[PDB]
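Just so you know, these numbers use all the heavy atoms, side chains as well, and skip hydrogens, waters and symmetry mates. If you read the sequence from its start, that first residue is 1, and numbering goes on from there.
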Amino acid sequence: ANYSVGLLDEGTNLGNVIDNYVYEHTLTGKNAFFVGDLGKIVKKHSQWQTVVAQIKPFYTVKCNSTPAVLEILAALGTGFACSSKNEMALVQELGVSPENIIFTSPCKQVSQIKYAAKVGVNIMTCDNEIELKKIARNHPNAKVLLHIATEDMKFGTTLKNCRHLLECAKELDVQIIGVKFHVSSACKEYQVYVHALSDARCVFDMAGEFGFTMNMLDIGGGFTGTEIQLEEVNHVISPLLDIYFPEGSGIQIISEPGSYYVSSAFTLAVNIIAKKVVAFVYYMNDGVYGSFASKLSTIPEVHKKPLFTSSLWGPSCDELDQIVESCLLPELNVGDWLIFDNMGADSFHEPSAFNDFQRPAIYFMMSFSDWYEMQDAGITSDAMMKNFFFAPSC
């Protein structure tokens, strides 16, 4: 696998790259494609490091496990949070060491635990006694973070139940080393982080009474990507860390950003393959069984230069595959392209029976200017960047 990365100067932008690939795809098969700005990921990481230099991020692989993304974040210095064996195996295959991997699945299966012990991944979260006994039985070197719930699916245990889990762990001989919590992005009620940190210090207090050595705090993945959202969270947690979890306590603070890094770095272009007048219904060449899976649980722009209520459906035509129930479009025709921005998270899925084994092409770009900065930080020289080939864009 080689990633060819087109370098852009100061005269060319993402609208130009899209126009170029829409021209080439026209002209050829006419597949959906993504464009990935890899310098936007590198900028997300130096944003992290400016605002919260002491919190080490562990990338949530499930957000986007495309190997060019994982290799860039590895070369920038992230850890990785994995929620299956095959996520852990993909990260180890790229050369990440097991000490930079945490196993965060809320329902761990015995063979995932025993896989983790077999490959040396020791750090894992736990919120319940039955998972605790699975870990004890199958992983003798496990280092466990107790996962506390947060009032913002939802995971994590109550504070009352953590006293009991600590007693069980002592009896089962599990090393508890820390606490984890998570707050939703969408929770603009930043005070929830106060009660979370207070609950965590309470667990680090009780666990020290039991004889555990607590040295890791994970504050979760509630980061959208924007500088302002990250600076809001920092404004709330920073004084409480300064105080409950100071410099020199030897307590390492980590987070699990995912969408933070990739969501706004990728843009998707799809074409219209069918058209039905009811108001118009348009069928596109990508759908819920490909890049728009997240619809099951971001505004279309017309690519070409009187508006009707329109729906967009994917290419399966099946009842689940309605991607935009109604928006206002011009009347478009088969073969016309629609462009969706902020398509980097929960979208890079594998070819499968359900998409007839087809997935969009992926094209990568960076500004010369973001590249110069990687060069000057020493990262383009790292063996973790060996598969990337950077050249002035056509």
Hey, does the side chain of [X] reach the backbone of [Y] with a donor-acceptor pair shorter than 3.5 angstrom?
X	Y	result
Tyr282	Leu332	yes
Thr66	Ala68	no
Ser249	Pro246	yes
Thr158	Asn161	yes
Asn100	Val96	no
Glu87	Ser83	yes
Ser381	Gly378	yes
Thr26	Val22	yes
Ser347	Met343	yes
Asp321	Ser316	yes

* Asked: Stepwise, does the side-chain contact (heavy atoms from CB on, under 4.5 Å) test hold for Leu328 with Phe308?
  -> CA-CA 5 Å; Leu328 301 155; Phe308 310 95; over 6 Å; no
Minimum heavy-atom separation for [X] to [Y], with atom names?
X	Y	result
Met214	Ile251	O-CG1, 3.9 Å
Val61	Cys82	CG2-SG, 4.0 Å
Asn215	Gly250	CB-O, 3.6 Å
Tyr59	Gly258	CE1-O, 3.5 Å
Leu329	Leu312	CD1-CD2, 3.9 Å
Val52	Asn234	CG1-OD1, 3.4 Å

Inspect the surroundings of [atom1] in [X] and state if more than 12 heavy atoms from other residues, nucleotides or ligands are less than 6.0 Å away.
X	atom1	result
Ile228	CD1	no
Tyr190	OH	yes
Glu331	CD	yes
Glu209	CD	yes
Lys295	NZ	yes

So, [X] versus [Y]: side-chain donor-acceptor pair below 3.5 Å or not?
X	Y	answer
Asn16	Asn13	yes
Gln229	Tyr260	no
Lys30	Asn285	no
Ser46	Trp48	no
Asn128	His147	no
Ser263	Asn342	no
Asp318	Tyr289	yes

* Asked: Can you check side-chain hydrogen bond (donor to acceptor under 3.5 Å, both in side chains) on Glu24 and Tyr363, steps first, answer last?
  -> CA-CA 12 Å; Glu24 151 187 322; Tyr363 295 113; 2.9 Å; yes
To the nearest 0.5 Å, what is the distance between [atom1] ([X]) and [atom2] ([Y])?
X	Y	atom1	atom2	result
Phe245	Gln252	CZ	CD	13.5 Å
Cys107	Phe155	SG	CZ	9.0 Å
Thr60	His182	OG1	NE2	8.5 Å
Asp152	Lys154	CG	NZ	4.5 Å
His303	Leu338	NE2	CG	10.5 Å
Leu73	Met384	CG	CE	9.5 Å

* To do: Assess whether side-chain hydrogen bond (donor to acceptor under 3.5 Å, both in side chains) is satisfied between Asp286 and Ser291, documenting all intermediate values.
  => CA-CA 6 Å; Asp286 194 359; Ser291 312; 2.5 Å; yes
With the 4.5 Å side-chain cut-off for hydrophobic clustering, are [X] and [Y] part of the same group?
X	Y	result
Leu307	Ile299	no
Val17	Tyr23	no
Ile323	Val281	no
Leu320	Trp313	no
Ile130	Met124	no

* Asked: Is it the case that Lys276 places NZ or CZ above or below the six-membered ring of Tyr283, under 6.0 angstrom from the centre and within 45 degrees of the axis?
  -> no
* **Worked verdict on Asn122 versus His139 for side-chain hydrogen bond (donor to acceptor under 3.5 Å, both in side chains)** => CA-CA 8 Å; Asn122 296 334; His139 197 153; 3.0 Å; yes
* Apply the test salt bridge (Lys or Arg N to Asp or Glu O under 4.0 Å) to residues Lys188 and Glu232: give CA-CA distance (whole Å), side-chain angles for both, the deciding distance (0.1 Å), then the verdict. => CA-CA 9 Å; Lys188 310 315 198 220; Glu232 294 304 299; over 6 Å; no
* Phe204-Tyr244 aromatic ring centre distance below 6.0 Å -> no
* Asked: Do the ring centers of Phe292 and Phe340 come within less than 6.0 Å of each other?
  -> yes
* Partner of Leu146 by side chain to side chain contact (heavy atoms under 4.5 Å, CB included), out of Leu132, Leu165, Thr125, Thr157 ->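 Single pass found, and it is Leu165.
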* Plane angle bin for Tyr372 and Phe368 - parallel if under 30°, tilted between 30 and 60°, otherwise perpendicular ->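 Tilted, since the angle between the ring planes falls between 30° and 60°.
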* Evaluate side-chain hydrogen bond (donor to acceptor under 3.5 Å, both in side chains) for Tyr261 paired with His45, printing each intermediate quantity in order. => CA-CA 7 Å; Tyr261 280 108; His45 193 68; 3.0 Å; yes
* Asked: Under a 4.0 Å N-O cut-off, is there an ion pair linking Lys386 with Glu71?
  -> no
* To do: For the pair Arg163 and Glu167, evaluate salt bridge (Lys or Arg N to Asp or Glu O under 4.0 Å) and give the outcome as yes or no after the intermediate values.
  => CA-CA 6 Å; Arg163 186 175 284 286; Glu167 283 181 69; over 6 Å; no
* Asked: Mind checking whether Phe223 and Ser185 have side chains closer than 4.5 Å, heavy atoms only?
  -> no
* Do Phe364 and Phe388 pass the ring-ring contact (aromatic ring centres under 6.0 Å, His included) test, and can you show the C-alpha distance, the side-chain angles, and the key distance before you say yes or no? -> CA-CA 10 Å; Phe364 295 112; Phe388 284 80; 7.3 Å; no
